[PDB]
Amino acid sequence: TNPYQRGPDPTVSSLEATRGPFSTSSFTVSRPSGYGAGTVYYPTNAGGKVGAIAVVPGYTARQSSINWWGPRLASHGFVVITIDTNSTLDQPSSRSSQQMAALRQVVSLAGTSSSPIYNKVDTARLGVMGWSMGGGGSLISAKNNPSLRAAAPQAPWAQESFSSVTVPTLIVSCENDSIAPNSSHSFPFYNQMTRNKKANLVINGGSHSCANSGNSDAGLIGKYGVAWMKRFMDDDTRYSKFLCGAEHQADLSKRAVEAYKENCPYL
């Protein structure tokens, strides 16, 4: 009855795993359109079209800071473009434009018979993710384009207000972040957003890079990013219990969970 539902029923173990059930390939974008460079990750046989997610790094950083999300999410039934920005010194407005440019090109290549993602993408089902100034850029994208189905920025950094945001938004925060300190960024952004479904995962003892490629909480952080994108990009209420149910409750007693805020239930 849910035309967007993909892959078998989830479990605690399937979500914490380094991979979902789908085979995946990647490719470099030949002529990046409005951004610096791109890698596209995709399931080879998802059993239907999937949503697409554009992922941006922070100031000075490159695809390698954020690109573990590529395989982690693509293996779960999503197309994922990880970008480098035209410049490593690009600020959040700039990263937002380049993020949407990246989603547009994924739309362009979904319609390019020569591309490996040809007719693999539901180009109506789009999401945004990113680290630090790239996380701030994700929030700016959701604010400027409310047809986006999901935002899951990590340790976001921005000098903008997000009171108008209507897109379902998970912020992953690092407790000890002195680069985008939560008291000036994550926490105000969370509090400003009154018009949306939302959650804030705060990682215990986490430095600014606590959610980057090779982080030691990838099990838990991966679980929340996949559940989030499954719930909101795929409308998939099989994942609701990991966000708002007893499965979510069980996580609150974990060492790595400093705090969790949400406005459950998600109706």
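Quick note: we count residues from 1 along the sequence shown, nothing fancier.
Asker: Averaging only over Cα atoms, indicate whether 113 to 121 or 155 to 163 has the higher B-factor in the PDB entry.
Answerer: According to the PDB entry, the answer is 113 to 121.
Asker: Would you tell me which stretch averages the higher CA B-factor in the PDB entry, 167 to 175 or 69 to 77?
Answerer: The stretch with the larger average C-alpha B-factor is 69 to 77.
Asker: Identify, among 34, 47, 214, 222, the residue whose C-alpha carries the highest B-factor in the deposited PDB entry.
Answerer: Answer, based on the entry's C-alpha B-factors: 47.
Asker: So where's residue 59 on the chain's Cα temperature factor ranking, which third?
Answerer: According to the entry, residue 59 has a C-alpha B-factor in the chain's lowest third.
Asker: Once the chain's modelled residues are ordered by C-alpha B factor and cut into thirds, is residue 149 in the lowest, middle or highest one?
Answerer: CA B-factor rank for residue 149: middle third.
Asker: Please say which third, lowest, middle or highest, residue 198 falls into when its CA temperature factor is compared across its chain.
Answerer: Middle third of the chain for residue 198's C-alpha B-factor.
Asker: Based on the entry's values, in what third of the chain does the Cα temperature factor of residue 232 lie: lowest, middle or highest?
Answerer: Residue 232: CA B-factor falls in the middle third of its chain.
Asker: Taking the entry's C-alpha B-factors for this chain, is residue 43 in the lowest, middle or highest third?
Answerer: Tercile = highest for this residue's CA B-factor.
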